[PDB]
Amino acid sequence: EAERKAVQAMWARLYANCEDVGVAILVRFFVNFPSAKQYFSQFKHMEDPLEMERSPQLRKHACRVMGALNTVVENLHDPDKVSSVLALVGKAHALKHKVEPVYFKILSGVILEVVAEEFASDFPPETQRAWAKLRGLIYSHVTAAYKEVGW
């Protein structure tokens, strides 16, 4: 549990650096995993990262992703707050966007780098772990959500 402070404190800085990381993340996700771009009308067909870094849609989504991940992160202390936040996301993505679930695990993977990258000798020993686990909370809560919904 307490490994969370290590996460909550790392995430807080990350989420306020104003060097939009959510977009760096979304862009790295789509270059490395081009198939995930069909779900987005505006940039389905973009191949240049810079052209992606500019897409309004990609930017609104990064924001939405970072926005919900912070609520989660900021409330790792309330298991039900996590459950609901992630459950709603899962539901919406399964029923509305029909996004293949595995993409949540992969995107989280990308988030784990860009953090590991940016923390310093800082990005962690055993905490590289806290972020492994959190990458667990995000994928299991979302997968269960896909279940209830019946995927």
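Residue positions are given as counts along the sequence shown, with the first one as 1.
Trainee: On average, are the C-alpha B-factors higher in 120 to 128 or in 102 to 110?
Mentor: Between 102 to 110 and 120 to 128, it is 120 to 128 that shows the higher mean C-alpha B-factor.
Trainee: Got a sec? Mean C-alpha B-factor, which is higher, 19 to 27 or 6 to 14?
Mentor: Comparing 6 to 14 with 19 to 27, the higher average CA B-factor belongs to 6 to 14.
Trainee: Taking the chain's C-alpha temperature factors as the reference, tell me which third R59 falls into: lowest, middle or highest.
Mentor: CA B-factor rank for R59: middle third.
Trainee: Which third, lowest, middle or highest, does the CA B-factor of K44 fall in along this chain?
Mentor: CA B-factor rank for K44: middle third.
Trainee: Lowest, middle or highest third: which one holds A87 when the chain's residues are ordered by CA B-factor from the entry?
Mentor: Lowest third - that is where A87 ends up once the chain's C-alpha B-factors are sorted.
Trainee: Should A94 be placed in the lowest, middle or highest third of its chain by the C-alpha B factor in the entry?
Mentor: It falls in the bottom third of the chain.
Trainee: How does the C-alpha B factor of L50 compare with the rest of the chain: lowest, middle or highest third?
Mentor: Highest third - that is where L50 ends up once the chain's C-alpha B-factors are sorted.
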